[PDB]
Each structure stands twice: as structure tokens, then as C-alpha cells.
Amino acid sequence: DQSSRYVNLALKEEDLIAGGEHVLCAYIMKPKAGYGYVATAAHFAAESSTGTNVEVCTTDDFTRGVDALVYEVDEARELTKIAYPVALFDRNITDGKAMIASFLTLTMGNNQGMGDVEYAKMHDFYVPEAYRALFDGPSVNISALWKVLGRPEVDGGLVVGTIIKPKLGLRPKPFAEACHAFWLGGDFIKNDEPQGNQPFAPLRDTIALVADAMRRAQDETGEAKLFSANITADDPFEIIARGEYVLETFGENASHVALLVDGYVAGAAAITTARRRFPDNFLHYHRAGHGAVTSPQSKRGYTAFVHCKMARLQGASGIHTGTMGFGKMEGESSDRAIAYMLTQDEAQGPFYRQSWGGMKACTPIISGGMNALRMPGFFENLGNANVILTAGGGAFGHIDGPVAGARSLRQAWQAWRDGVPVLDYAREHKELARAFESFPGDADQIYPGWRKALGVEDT
Amino acid sequence: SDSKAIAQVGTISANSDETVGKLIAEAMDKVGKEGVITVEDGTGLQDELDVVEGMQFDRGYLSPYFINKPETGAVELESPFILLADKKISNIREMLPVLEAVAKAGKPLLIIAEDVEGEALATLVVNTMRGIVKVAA
Amino acid sequence: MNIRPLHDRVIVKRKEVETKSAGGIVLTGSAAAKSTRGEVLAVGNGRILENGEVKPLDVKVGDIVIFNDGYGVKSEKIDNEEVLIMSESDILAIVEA
Amino acid sequence: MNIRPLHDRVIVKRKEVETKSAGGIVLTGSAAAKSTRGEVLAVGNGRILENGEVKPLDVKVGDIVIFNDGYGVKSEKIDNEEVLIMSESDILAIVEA
Amino acid sequence: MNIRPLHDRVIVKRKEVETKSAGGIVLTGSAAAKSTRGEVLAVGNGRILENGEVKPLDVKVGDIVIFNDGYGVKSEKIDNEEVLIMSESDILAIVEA
């Protein structure tokens, strides 16, 4: 609460950014009607730090060091830019890197319990150039997934994954078999957001059965694959139990494990917990209930830009970003722009220009899904592919469904990275021949005349 | 070694209850020297002894439609063949020659397998319901 | 209504699908199988190519044939029946005898 | 059933698979290997292209051949046997003796 | 066995691989190199295109040739030796004399 001292527009963005004095968050914030905007933005900064509610004391009144401050505010453009003391984000004991539970607590969570903020969508932020290397940070990410997959640590591109067909009600071993089938296809999978310990398919049997399915699928394909276990729980120690179990369950492939956290329903405590004991494993942020915040049905909480840019901060090795081809506008929360922001360590956001030395990359995770042929178009717009797919029939309406199409759209990048695009690897890889054959909805126009060079009779 | 002497050491260790002495002396006889005895909480006021003979294990029918004795709520097959698949069953492709051969023999079949997926299970359900082959999985 | 395929087109109907007598015995469930076999319903005037005279296609109405049921094969609703439209090349073989 | 391929088409059946005598001695397990060799069952009347006369195909029934087992080759069920159907261009060479 | 490649096809065997005398002296390790040079074992009857007469292929048995050891060549097992099959267009030149 309070606006006094919390208005500090005299703070220079240069020393805050380049001097690294503060974490700097740009909010598109609108108050409720009749509230003073600058007071609301400053009052929102108090919720974004110390709280300071009714009264603060230390046996002798006052408290004045913890405050995150507004440093640019402008009512008519709905802009609220808040600068956060680096002391707000207390260092995790596992690595000395700041607990992202604080950051969410101070941006899109307990601080959003402020009611006279109608919404405060953060469109961008900055994190101090040096101390950034001591943000929670994704000690595993796409780059380490590349390493366990045997890809080069630079531009190992698309780690292909799916939302298992037909989504809910698929029992653990049919689900594991759908994972096996998919892993006769591609590379990566998650549990669904209800597929925790919920009785239709609990985690332990599913992850045991899914892990077997992964080893079977690996043995039957000669290439490594990955699963994201839904560790999301109401008890952080049950989350740890799910995380430990999946690592112990995959065992010789424990480094293959991903940790699906439905971070919005799980909270950043669950995210921070799933990053803690599991630094050598892929924290998969997922977006249960996100219609309350990121979707256009709401203006509150995160934009998809900061949603995933903070997934970098989270040490969420990846995050459900939305859909890879993003409409209307770019830079402003485009998944394509996010894929830069997460996978290239030098990028411009809609309010801040930032580097990402020392803290490492983050992985965009794609729902809905481009076909295997449109994705080299996204790759050509992204100039890389360093993302994860996690989609259904949009990418996996292949003639082999989730299977061969999921190999195909990995190799679709590899051809793009060779500067040949996907045409060449569809000549090389049968799954991509079947993918041009499966996706004429884009295939016959996004990458020209495959039909004569690719395949034989009727492709 | 005699039943009476064992019933005493039972009674004494039970703190002087003849009922357990008799009960344990009975159990030791019926299960044989290699048999195994266990104890668990009952429900009625009386103690009770359940003896299981042959082989038993804690797995049921994979579908209710296999119930061929709905008055009992149970499955029974007589003179069945037994197929032991150390695998998933996923496709009837896998089953066709076996089911034909069992269909050739006309005897019912029990399937004990790692799992029987919906496609195979549904196909067995149709063929068992329509009486082409008696099958349980 | 009769229909005239306008050269190289052939009109057919598929035989029965998922024949319920696999191996002659087991009443198979659905497996998304589709028969590659059909009956020739209409045949085009011939082949227009090479500026030669329009030579006829070798199949005739009432032929039973094996055809590649690929995406290039279209299908249409006529008299509420389903029918299939294809080139001669899409037919693989004739079911003789 | 006998079948007549409708020009340029050729039909074969595959030889034995995963012959259990690697080096003539060791009984191989499965390695997902498949034989590229088969016996010619029927041959089309000839080649229709270029306005020329329908010249015959060079293989004949009872030939044993090496073929490119690529996506152009389709497969079909006849007499409950499997059979394979291909262009002449998918046959690579003829195996004598 | 003898084999006749069926028009435009040519059969070759590769020359020796990874000659152990780099600069004639240094024994190269395995360096993924494969000889573009092989000896022609059999040559097809000719080329059938364009309705001309079947002119023969320009290579003959016992020619030693540089070939594109690329995606076009295919390979088969015969008399337990390996051999390669390619179009004439795979062969880039005859190293003569």
C-alpha cells in the first residue's frame, strides 16, 4: 500500500538498466475508474515488493529498503514501469540464484491481489546485466536437451513433442503406448494438466509405464526421447516426490526427464521447488487456467512475452508460450518474438533491450502446432528452431498421426538449418516425405514443388 | 509334531486361548508343511480361517462383458487353453492365427498378458459376446 | 442421373469395407481399413494426349478393379450413394474371372 | 484369382525373408532386414507413352528379379497371400538360373 | 551368379577404400572417405526413351570409372561380395589408359 516514497520517477532507467541497480518491469497497467493512476502504479509497486499494508514497523516504525519503485509512469498510455531492488529476489541455496517465487509473488501473484489495479500486464522487463547470471536461471534448457539428444549445443533446434492423442481419459499404459507410438515418432511429451495423481491416470504408474514406453521407443528408433511428468501438486513435497520419482524411474535416462509444472495453478513456489532439486532436469512450465491472465480474454498477469521471458527467469527449461505463429502484432508478445527472446541471448523486447549472458537460454513450448512444413517457415522467420513442440492434430494430423510426422518436423528444421529447407530432408527422411504428403494444407506452397522430387506415385 | 501338542504351544503363546490353538492347529494341517499362513483384521466378533487351494493371484477380468455367470458376477471357463504372452497385446494381427486355432479347437481361452489394449479387448468382447469364441483376458 | 466423365476420368464404387469375416472366422472389429477394390461405373471418351486421335481407355463399365485409393482420388455424392473419381492411372489392376 | 496388370504394371511375390543362415552357419535373429528379390507373377501388355506402339515389357512370368523396394511399390492381398505391384522401372535386374 | 542390368542400369564394384598411404607415406586413419572409383561388372541393353532405337550405353564391361557415390547409387549383396548399381549418369568419367 501507500504511494509516498513509492513514486520515484527520478530514478534513471540508465543506471537501473545498464547500472543494474534494479530489476525493471514494464506494465501495461490500468486502474479501476476514479483511482489516481500514478498512485495506483506506485501502489502497485508496493504490492510488487514490500507490501507495506496499513502499517510497517520494526519495533520503531518505518521500513524503506525493500521497496520496488515506479520510475516511468504515464496514465493515458496505460504504462507502468516498476524498478525492483535486487534484494527482493532472495538467492536460492542450491546455486545462489534468486528464488523466482518472489518475482511472481511481486509481479503477477500476491501483488495482483491489489484490487484497484484492474490489470497490470507486464509487456517486458529487464534484469541486471551481472546479477542476471544469478537469477534462478535454466541450468538445463533446450541447449542441454540438445546435448542429451546428441545434437550440437548451438542451434540443436526443434525438440519435437506432443500433447498425447486423445488427451484426457487415456489410461496410463494406453497413454504410455500413445507415448511409445509418438516416440516411434518424435522426441518429447508432457503429461496433461489434469494427469497428475488424479485417478484416471496417476503420475507414478503412468510415469513408470511412460518411461518404459520411452526406452522401448528409443530402442526401436535409435534416438533419445524425453517425457515431462506432471509434478504439479497442492503439496510442494508431493511435487518433489513426483520429481524424484520420475528421475529415479527414468534412472539411466534420468537426464531425459522433464518436469511439467502447471505453474499458474501450481504457483511460482512449485516452479521454484521444481527448479531446486532438479537443476539437471527440464522444468516444463505449463499454463493451466491461463485464460485468467495471458489469453486475450484477460489483461491481467503476464503477457505471453513476459510469461515465457520470466520462464527464463524461472529456470523453467521451457514454457507453453501460446501458439508459435502469433497474430496481429510482433515484439508485443508474439511467440515468434518470444522464441527470439528465449533462445537468442541478445534481443529487444517491447520496452527493454536485454542480453542473457551466464543465465542461459529458455525454451518456447508450442501448443496447437504448425504442420511439419509451416514450421520451417516459422524457423525462417525465427532464424532458429530452438523450441519444443507440444501439440496435437495440428502438427500430428500426419498419415501416421503423432508418430512419423513427429520425426518429420524435427528433420524439417535440420534441412532449414542446412539452408536447404525441408525439401531435402523429405528426400532424405521418409517421415518428411510422408509429411509433405500429410500436410498439403501448407506443404505445396510454403516450400514449393515437392511432388515431383519427393516420393513416387501420389507422393 | 502331533496336532495336540502343537495346539498347546499355540494356546500358551496366545496367553491361554484354546480357540487360536485349535485354529492354528487346523491351519497348519490344511496348508501343509510348505504352506503359508497370515493374519489380518476381521469384521465379525468371531475369528475365521480362509484356506485357498491351488494358485490364486489378485487380478480380475479386464471387462465386465467377460462375465458369463452374471448370477454370480464371475467368469468361469472349463478345459480352457491358456496363452501366456509376456507382452502387450495391441493388434488382433497378433491374435488372428491363435484365435483361429483356438476357434478351430472350439475350447475357451484365457489370456494372461502384460496388457490387452482397447482394439484387441473390443474385438474379444464382440467375439465373446456373439459367441464365436469364449475368451477371458 | 447418369454422368459422363470428361475423358481420362473413371467413376467407380468401392466394394464392401472391413469384411466381418477375417480369416473366414473372426468377426473383426473396425481397423480403419478401406478396400482398394471397386466397380467401374463410367469411363471417359479416351485419352486426348499427343495430338493423336483420342484412343479409348482399356477398362469398361462393369469391370471390377484394384485401384490406388490415394489422396488424388476424389469422391462424390450422387443419388445419395458414394462414388469415386480417378484417372485411369489410379487403377492398379482388373479383377478377372 | 489371376490378375492382368493394365499396362506397365508388374506383379511379383517376394522371396523368403531373414534367411536363418548368415555366413551359412549362424541362425540370425530378426534385424528388420527384408529381401529385395521376388518372382514375377504377371506382366502388363506394354508401354503406352510417346504415341508409339505399346511395346512389351522385357520381364516375363516366372522371372526372378531384383527390384527397388521403394515407396512406388504397393502391396496387396490375394488368395490370402501377399503380393507386390510395381512399375517396370522398380525392377532393377533379372536373376537367371 | 551373373546378372543383367535392365537398360540404363550399370553394375560396378568400388575400388579400395581409405588407401593407407596418405601422400604415399602417412597411414590415414578412418576419415569417412569412399572411393569414387569402381569397376563396371555389367551394363544394360541401352536407353529406351524418345522412341528411337535402343542405342547402347557408352561404358563396357571391364571399364574403370569415376562415379558419383551419392544419393543415386543403390547397393545389393551378390556372391557375398557387395556391388553397386547406378545410372550411367552416376558415372562421371572413364579413367582411360
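Don't worry about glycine lacking a Cβ; one is built from the backbone with ideal geometry, like all the others, and counts go over all protein chains shown. All of this is worked out from the model, or read from it or from the source named; none is laboratory data.
Residue by residue, here is whether (1) without any contact (Cβ under 8 Å) to a residue 24 or more places away in the chain; (2) touching a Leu at 6+ places or on another chain (Cβ under 8 Å); (3) closer than 28 Å to C:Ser30 by Cα; (4) small (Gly, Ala, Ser) holds:
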residue	(1), (2), (3), (4)
B:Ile37	yes, no, no, no
B:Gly44	yes, no, no, yes
B:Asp47	no, yes, no, no
B:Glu53	yes, no, no, no
B:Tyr61	no, no, yes, no
B:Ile89	no, no, yes, no
B:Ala137	no, yes, yes, yes
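Could you please let me know if A:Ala270 is in the same structural domain as A:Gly318 (by CATH), under 26 Å from A:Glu118 (Cβ atoms) and among the hydrophobic types (A, V, I, L, M, F, W, C)?
The answer is no for A:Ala270.
Would you call C:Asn68 more than 13 Å from every other protein chain (Cβ to nearest Cβ) and out of contact with any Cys (no Cβ under 7 Å at 6 or more places or on another chain)?
no
Do we find a residue being touching a residue at least 12 places away in the same chain (Cβ under 8 Å), surrounded by 24 or more Cβ atoms within 10 Å (Cβ to Cβ) and part of a helix (DSSP H, G or I) anywhere in segment A:280-298?
No, that holds for no residue.
Every residue in segment C:13-43 that is under 12 Å from C:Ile64 (Cα atoms), β-branched (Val, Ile, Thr) and part of a strand (DSSP E or B), please.
Once the filter is applied, which keeps residues that are under 12 Å from C:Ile64 (Cα atoms), β-branched (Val, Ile, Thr) and part of a strand (DSSP E or B), segment C:13-43 yields only C:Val40.
Quick one: is D:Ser75 within 26 Å of C:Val65 (Cα to Cα), within 14 Å of chain A (Cβ to nearest Cβ) and either in contact with a helix residue (DSSP H, G or I) (Cβ under 9 Å, 6 or more places away or on another chain) or surrounded by 15 or more Cβ atoms within 10 Å (Cβ to Cβ) (or both)?
For D:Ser75, the condition - within 26 Å of C:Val65 (Cα to Cα), within 14 Å of chain A (Cβ to nearest Cβ) and either in contact with a helix residue (DSSP H, G or I) (Cβ under 9 Å, 6 or more places away or on another chain) or surrounded by 15 or more Cβ atoms within 10 Å (Cβ to Cβ) (or both) - is not met.
In the set A:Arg91, A:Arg77, which member is of a type in the set (D, E, K, R) and closer than 25 Å to A:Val265 by Cα? Walk me through it before giving the result.
On the way: A:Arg77 fails: closer than 25 Å to A:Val265 by Cα.
Going through A:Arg91, A:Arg77 in turn, the sole match is A:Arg91.
List the residue pairs whose Cβ atoms are under 7 Å apart, where the first residue sits in segment A:335-360 and is without any contact (Cβ under 8 Å) to a residue 40 or more places away in the chain, the second is part of a loop (DSSP other than H, G, I, E, B) and among the polar types (S, T, N, Q), and the two are 6 or more positions apart or on different chains.
Qualifying pairs under 7 Å: A:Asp335/A:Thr323.
Could you list, in sequence order, all residues of segment A:413-441 that are assigned to a helix (DSSP H, G or I) and more than 24 Å from C:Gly72 (Cα to Cα)?
Residues of segment A:413-441 that are assigned to a helix (DSSP H, G or I), as a first pass: A:413-417, A:423-428, A:430-438, A:440-441.
Listed by number, the residues that qualify are A:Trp413, A:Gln414, A:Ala415, A:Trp416, A:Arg417.
Please verify whether segment A:196-218 includes one or more residues that are charged (D, E, K, R), surrounded by 17 or more Cβ atoms within 10 Å (Cβ to Cβ), in the same structural domain as A:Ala269 (by CATH) and not in a helix (DSSP H, G or I).
Scanning segment A:196-218, I find no residue that is charged (D, E, K, R), surrounded by 17 or more Cβ atoms within 10 Å (Cβ to Cβ), in the same structural domain as A:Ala269 (by CATH) and not in a helix (DSSP H, G or I), so the answer is no.
May I ask you to list the residues in segment E:1-12 that are under 14 Å from the mean Cα position of the chain (by Cα) and part of a loop (DSSP other than H, G, I, E, B)?
Selection gives E:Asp8 alone.
Output the residue which, of all residues in segment B:86-137 that are over 22 Å from the mean Cα position of the chain (by Cα) and hydroxyl-bearing (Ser, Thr, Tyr), is nearest to the other protein chains (Cβ to nearest Cβ).
B:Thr123
Being within 13 Å of E:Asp8 (Cβ to Cβ) and more than 14 Å from chain D (Cβ to nearest Cβ) narrows it down to one residue among E:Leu57, E:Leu27, E:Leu49; which is it?
Values: E:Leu27 fails: within 13 Å of E:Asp8 (Cβ to Cβ); E:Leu49 fails: more than 14 Å from chain D (Cβ to nearest Cβ).
Within the list E:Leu57, E:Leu27, E:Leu49, the selection yields E:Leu57.
Taking segment C:71-86 as the region of interest, how many residues are in a strand (DSSP E or B) and either of a type outside the set (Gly, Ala, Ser) or in contact with a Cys (Cβ under 6 Å, 6 or more places away or on another chain) (or both)?
The initial filter retains those residues of segment C:71-86 that are in a strand (DSSP E or B), namely C:74-78, C:81-86.
This time we only want the ones that are either of a type outside the set (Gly, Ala, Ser) or in contact with a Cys (Cβ under 6 Å, 6 or more places away or on another chain) (or both), so: C:74, C:76-78, C:81-86.
Counting residues in segment C:71-86 that are in a strand (DSSP E or B) and either of a type outside the set (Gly, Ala, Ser) or in contact with a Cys (Cβ under 6 Å, 6 or more places away or on another chain) (or both) gives 10.
If you scan segment C:12-24, which residues turn out to be on the phi < 0 side of the Ramachandran plot and either surrounded by 17 or more Cβ atoms within 10 Å (Cβ to Cβ) or facing chain B (nearest Cβ under 7 Å) (or both)?
The answer is C:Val12, C:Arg14, C:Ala22.
Being away from chain B (no Cβ under 14 Å), without any contact (Cβ under 8 Å) to a residue 40 or more places away in the chain and surrounded by fewer than 24 Cβ atoms within 10 Å (Cβ to Cβ) is the filter; apply it to segment A:167-195 and report the residue that is nearest to A:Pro236 (Cα to Cα).
Only one residue tops the list, namely A:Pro194.
All but one of (1) among the polar types (S, T, N, Q); (2) over 27 Å from the mean Cα position of the chain (by Cα); (3) within 23 Å of A:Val306 (Cα to Cα) hold for A:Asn53; which doesn't?
With respect to (1) among the polar types (S, T, N, Q); (2) over 27 Å from the mean Cα position of the chain (by Cα); (3) within 23 Å of A:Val306 (Cα to Cα), A:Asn53 is out only on (3).
Surrounded by 12 or more Cβ atoms within 10 Å (Cβ to Cβ) and assigned to a loop (DSSP other than H, G, I, E, B): is that true of A:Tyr35 in this structure? Before you say what the answer is, go through the steps one by one.
On the way: surrounded by 12 or more Cβ atoms within 10 Å (Cβ to Cβ): yes; assigned to a loop (DSSP other than H, G, I, E, B): yes.
Criteria met by A:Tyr35.
Looking at (1) surrounded by fewer than 16 Cβ atoms within 10 Å (Cβ to Cβ); (2) under 19 Å from D:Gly72 (Cβ atoms), which one does D:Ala31 not meet, given that it meets all the others?
With (1) surrounded by fewer than 16 Cβ atoms within 10 Å (Cβ to Cβ); (2) under 19 Å from D:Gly72 (Cβ atoms) applied to D:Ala31, the lone miss is (2).
Do the conditions hold for A:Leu342, that is, is it in a helix (DSSP H, G or I) and among the aliphatic types (A, V, I, L, M)?
Considered against the rule, which asks whether it is in a helix (DSSP H, G or I) and among the aliphatic types (A, V, I, L, M), A:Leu342 comes out as yes.
Of all residues in segment C:50-97, which are hydroxyl-bearing (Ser, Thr, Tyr) and within 22 Å of D:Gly52 (Cβ to Cβ)?
C:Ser87, C:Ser89
Could you please find all residues in segment A:366-381 being surrounded by 24 or more Cβ atoms within 10 Å (Cβ to Cβ) and hydrophobic (A, V, I, L, M, F, W, C)?
Within segment A:366-381, A:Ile366, A:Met370, A:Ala372, A:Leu373, A:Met375, A:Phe379 qualify.
For segment A:409-421, how many residues are under 25 Å from the mean Cα position of the chain (by Cα), over 8 Å from A:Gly186 (Cβ atoms) and touching a residue at least 40 places away in the same chain (Cβ under 8 Å)?
Looking only at that region, the number is 5.
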